[PDB]
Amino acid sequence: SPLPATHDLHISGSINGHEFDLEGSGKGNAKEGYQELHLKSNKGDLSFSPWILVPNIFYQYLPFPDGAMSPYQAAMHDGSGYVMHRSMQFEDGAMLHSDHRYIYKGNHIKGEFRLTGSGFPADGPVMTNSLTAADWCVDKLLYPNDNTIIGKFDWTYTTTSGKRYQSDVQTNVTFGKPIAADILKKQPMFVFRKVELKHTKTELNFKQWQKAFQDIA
């Protein structure tokens, strides 16, 4: 494959025991690190805040510095691929995990993601649709061996009450073939990201900007 230009997602699972299922498609610019995505519900109104689906709703769009391939782009490029496993542990006892898989067809990505979240209090901000935005975020990446990335960040939403809603997030990424040795020797790597989300109870329109860096200006 070449770098991606378009993508689809089917995302499904359960929040607090209630099933959900969404699909749609979007596109992005792999040299800039931008992507956008539209999603629509196949099982009626979401009963939880759609913001809880971020960051879950495609690092193939992420270049590394000076136009290098990120390990994600390189795994798409030679077709050997990767999967992701993410965990989000919320300050109020809720947890959400996801599993991520992809199929490539030329410059188009197809994502199949599965999520389980539970323990969201009925009066907390996820179940009351009170999340208003996600903070700008720096992700820290380490490669503990030649085919694995362990990434971590502190994830916070703003909410209608003025209190932030916080979680610890860890993303383990497992590659089909080893990561090139010139990528392995630049650790740690950071990525700055921004997101936007518009939503109804049945539809999401998401956008993301990402930029990798080892050092700041």
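From 1 onward, residues are counted along the sequence shown.
*Asks:* Going by the record, give me the number of deposited-sequence residues missing between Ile57 and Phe58 as none, 1 to 3, 4 to 9, or 10 or more.
*Replies:* Per the record, 1 to 3 deposited residues are absent between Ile57 and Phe58.
*Asks:* Compare the mean C-alpha B-factor of 112-120 with that of 68-76 as given in the PDB entry, and name the stretch with the higher value.
*Replies:* Looking at the recorded C-alpha B-factors, 68-76 comes out higher on average.
*Asks:* Which is higher in the entry, the mean Cα B factor of 77-85 or that of 94-102?
*Replies:* For C-alpha atoms only, the mean B-factor is higher in 77-85.
*Asks:* Checking the entry, which one of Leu53, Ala180, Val169, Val191 has the top C-alpha B factor?
*Replies:* Spelled out: the listed residue with the top C-alpha B-factor is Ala180.
*Asks:* In this PDB entry, which of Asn42, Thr174, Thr159, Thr156 has the top CA B-factor?
*Replies:* Top of the list by C-alpha B-factor: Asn42.
*Asks:* Compare the C-alpha B factor of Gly26 with those of the other modelled residues in its chain, then answer lowest, middle or highest third.
*Replies:* Middle third of the chain for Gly26's C-alpha B-factor.
*Asks:* In terms of the CA temperature factor given in the entry, to which third of its chain does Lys207 belong: lowest, middle or highest?
*Replies:* CA B-factor rank for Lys207: lowest third.
*Asks:* Compared with the other modelled residues in the chain, in which third is the CA B-factor of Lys186?
*Replies:* Tercile = highest for this residue's CA B-factor.
*Asks:* Pull the Cα B-factor of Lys152 out of the PDB entry and bin it into the chain's lowest, middle or highest third.
*Replies:* For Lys152, the deposited C-alpha B-factor lands in the lowest third.
*Asks:* Compared with the other modelled residues in the chain, in which third is the CA B-factor of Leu37?
*Replies:* Bottom third by C-alpha B-factor.
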